[PDB]
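Participant: pasting the sequence and an experimental structure:
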2 protein chains.
Amino acid sequence: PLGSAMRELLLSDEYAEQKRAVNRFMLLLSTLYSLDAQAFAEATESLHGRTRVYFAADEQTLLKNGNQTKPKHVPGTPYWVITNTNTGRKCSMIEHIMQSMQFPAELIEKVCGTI
Amino acid sequence: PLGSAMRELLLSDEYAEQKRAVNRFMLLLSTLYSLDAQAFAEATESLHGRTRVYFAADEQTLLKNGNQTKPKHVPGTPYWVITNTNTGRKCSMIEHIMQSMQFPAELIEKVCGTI
DNA sequence: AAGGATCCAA
DNA sequence: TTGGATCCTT
DNA sequence: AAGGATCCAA
DNA sequence: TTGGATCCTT
């Protein structure tokens, strides 16, 4: 929908610069939140593991529940994310934040493909 | 609903006779189908394993998918069921036929408690 | 010799 | 944390 | 001395 | 067959 903007970013030199997964991941998060803060926020609440919390508004909440997790700082928004995850999980946290955001499954597979 | 009939069976001297789980389970399936053949039937279609079929209209359909399974014969109706299953599963197949059939969760835990 | 837990594969 | 089915006996 | 497979618990 | 977090290095 507004996911033509996501496309821009997949193609962007900046997205391309990034050499690490972690890094593409935060850029996705950051941009998504910059589209709909709202839809992102909702998207987030439903996202978490068995025992670990994934997003949260501050470093600490994440350090508590689930222990070695790598609370990365702030995307470019007001959230904090877990980083101690292989790319698979990295992917699905995006699959999820994107499904709840109503992005076409076509995009989604692409996006996850680049991470 | 018509689950007071179920309640009579849990109490019945007949249900009480059976000493093995299998037998109680067959008596359940058997009784349930007697209530609503139609609702039993729809209940059934959704019930199956990763790779075994659980219910079927004949012994062979079962023997084929999945391998030692113990096609038991017939309840007292027209179906055939898998038997090579521990009590647990024997349970959840009842839990399933039963939720789909709209019995109150209260009953259901009871029932599955007596298997 | 049937039944079913207990163990192993997704 | 579900499901298959060996394989050890309630 | 971060990143993220792997490898191990539900 | 998913989620943790070790623990070996793209």
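Facilitator: In hand now; what should we look at? Residues are numbered from 1 along each chain as shown, chains lettered A, B, ... in the order given.
Participant: quick check, the residue in chain A closest to DNA strand F?
Facilitator: residue A:49 (2.1 Å; Cβ to the nearest atom of the strand). (Each C-beta comes from the backbone N, C-alpha and C, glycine too.)
Participant: do a quick rundown of the strands in chain A.
Facilitator: Along chain A, the segments classed as strands by DSSP state E run A:55-56, A:80-81.
Participant: which elements pack onto the first one?
Facilitator: When contacts are defined as 3 or more Cβ pairs under 8 Å, 6 or more residues apart in numbering or on different chains; DSSP states H and E, strand A:55-56 packs onto strand A:80-81.
Participant: elements contacting the strand it packs on?
Facilitator: helix A:21-35, strand A:55-56, helix A:59-64.
Participant: count the neighbours of the closest residue in space to residue A:5 that isn't next to it in sequence for me.
Facilitator: The shortest distance from residue A:5 to any non-neighbouring residue, by Cβ to Cβ, 6 or more residues apart in numbering or on different chains, is to residue A:35 (6.3 Å). Number of residues near residue A:35 (other Cβ atoms under 10 Å in any protein chain shown) recorded here: 16.
Participant: repeat that for residue A:58.
Facilitator: That count, for residue A:58 with other Cβ under 10 Å as the rule, works out to 12.
Participant: can you give me the distance of it to DNA strand E?
Facilitator: 19 Å (Cβ to the nearest atom of the strand, to the nearest Å).
Participant: repeat for residue A:14
Facilitator: From residue A:14 to DNA strand E the distance is 16 Å (Cβ to the nearest atom of the strand).
Participant: what about that residue, neighbour count?
Facilitator: Neighbour tally, residue A:14, other Cβ under 10 Å: 9.
Participant: what's near enough to touch it?
Facilitator: The contact partners of residue A:14, by Cβ atoms under 8 Å, 6 or more residues apart in numbering or on different chains, come to residue A:27.
Participant: for residue A:91, which non-adjacent residue is spatially closest?
Facilitator: residue A:112 (4.4 Å).
Participant: what about the helices in chain A?
Facilitator: A:4-11, A:13-17, A:21-35, A:37-45, A:59-64, A:87-99, A:105-114 (DSSP state H).
Participant: need the strands of chain A in a markdown table (columns: distance to residue A:16).
Facilitator: Listed next are the strands of chain A as a markdown table, based on distance: least, Cβ to Cβ, whole Å:
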| stretch | distance to residue A:16 |
| --- | --- |
| strand A:55-56 | 26 |
| strand A:80-81 | 22 |
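Participant: most tightly surrounded among those strands?
Facilitator: strand A:80-81 (a mean of 24; mean count of other Cβ atoms under 10 Å in any protein chain shown).
Participant: indicate which one of the helices and strands packed on strand A:80-81 is closest to DNA strand C.
Facilitator: Per Cβ to the nearest atom of the strand, nearest to DNA strand C of the helices and strands packed on strand A:80-81: helix A:21-35, 24.9 Å.
Participant: on that earlier part again, would CSV of the helices of chain A with distance to DNA strand D be doable?
Facilitator: What follows is these, written out as CSV (distance: least, Cβ to the nearest atom of the strand, whole Å):
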stretch, distance to DNA strand D
helix A:4-11, 32
helix A:13-17, 35
helix A:21-35, 25
helix A:37-45, 21
helix A:59-64, 22
helix A:87-99, 15
helix A:105-114, 23
